[PDB]
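Taking it in order: structure first as structure tokens, then the write-up.
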Amino acid sequence: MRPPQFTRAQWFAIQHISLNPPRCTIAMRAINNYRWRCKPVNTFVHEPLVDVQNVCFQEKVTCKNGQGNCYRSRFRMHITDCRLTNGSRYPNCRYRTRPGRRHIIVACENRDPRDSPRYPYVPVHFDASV
């Protein structure tokens, strides 16, 4: 679940934007610290923050949940898919790291008041890795 201390945009960035190349088992720890079971699957976008934010102005598409506020990246982006190993037992979560470069789809919305006023419309959910 989203920890209440983070806005939707903040949690999206924590889970899905990687400045440095992600090694899944290391990078997932900050996420699973807020959880009570290992996150089974998680995608990181390894691109500058502004490039990920800018997907919110690209190709508008229907979201998997039926909402209309999703967008598909114009270009393939560098991503890393993290999948929990079959032997992992919470709280010790290990991941397989599957890098790639694909179009992404994100949901976007107006910023929360607790989000930076410099980005009025921001990504809040990772919808798809293709």
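Quick note: the coordinates plus some simple rules give every number you see, no bench work behind them. Note that each Cβ is placed from the backbone with ideal geometry, even for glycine, and that neighbours are counted across all protein chains shown.
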Residue pairs, Cβ under 6 Å, 6 or more apart or interchain, first in segment 1-28 and closer than 18 Å to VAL106 by Cα, second assigned to a loop (DSSP other than H, G, I, E, B) and among the charged types (D, E, K, R). List them. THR7/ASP112; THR7/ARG114; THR7/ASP115; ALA9/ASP115; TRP11/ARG2
From the list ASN54, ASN42, pick out the single residue that is in contact with a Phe, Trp or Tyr (Cβ under 9 Å, 6 or more places away or on another chain) and either closer than 25 Å to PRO3 by Cβ or assigned to a helix (DSSP H, G or I) (or both). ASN42
Just name the residue that is farthest from the chain's Cα centre (by Cα) out of those in segment 1-36 that are among the charged types (D, E, K, R) and part of a helix (DSSP H, G or I). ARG29
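Yes/no per residue for (1) surrounded by 14 or more Cβ atoms within 10 Å (Cβ to Cβ); (2) under 17 Å from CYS93 (Cβ atoms); (3) not β-branched (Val, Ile, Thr):
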| position | (1), (2), (3) |
| --- | --- |
| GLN5 | no, no, yes |
| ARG23 | no, yes, yes |
| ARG35 | yes, yes, yes |
| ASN54 | yes, no, yes |
Test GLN10 against the stated conditions and say whether it is in contact with an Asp or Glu (Cβ under 8 Å, 6 or more places away or on another chain) and surrounded by 12 or more Cβ atoms within 10 Å (Cβ to Cβ). yes
Write out, first by first residue and then by second, each pair whose Cβ atoms fall under 8 Å of each other, whose residues are 6+ apart or on separate chains, and whose first residue, in segment 110-130, is closer than 13 Å to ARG8 by Cα and free of Cβ contacts under 8 Å to residues at least 60 places away in the same chain while the second is surrounded by 12 or more Cβ atoms within 10 Å (Cβ to Cβ) and among the hydroxyl-bearing types (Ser, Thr, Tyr). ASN110/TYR121
Among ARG74, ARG96, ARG101, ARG114, which is out of contact with any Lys or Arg (no Cβ under 8 Å at 6 or more places or on another chain) and over 23 Å from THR7 (Cβ atoms)? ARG74
Exception for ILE31 within (1) of a type outside the set (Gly, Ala, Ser); (2) under 22 Å from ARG96 (Cβ atoms); (3) buried (at least 17 other Cβ atoms within 10 Å of the Cβ); (4) touching a residue at least 24 places away in the same chain (Cβ under 8 Å) falls at (4)
Pick from segment 68-99, criterion small (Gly, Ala, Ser) and touching a residue at least 24 places away in the same chain (Cβ under 8 Å), ranking: farthest from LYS39 (Cα to Cα): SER73
Tell me, which strands (runs of 3 or more DSSP E) lie completely within segment 66-130 with 3 or more residues that are surrounded by fewer than 18 Cβ atoms within 10 Å (Cβ to Cβ) and more than 14 Å from the chain's Cα centre (by Cα)? 95-102
On the basis of being under 28 Å from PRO4 (Cβ atoms), of a type in the set (A, V, I, L, M), surrounded by fewer than 17 Cβ atoms within 10 Å (Cβ to Cβ) and out of contact with any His (no Cβ under 9 Å at 6 or more places or on another chain), does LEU49 make the cut? yes
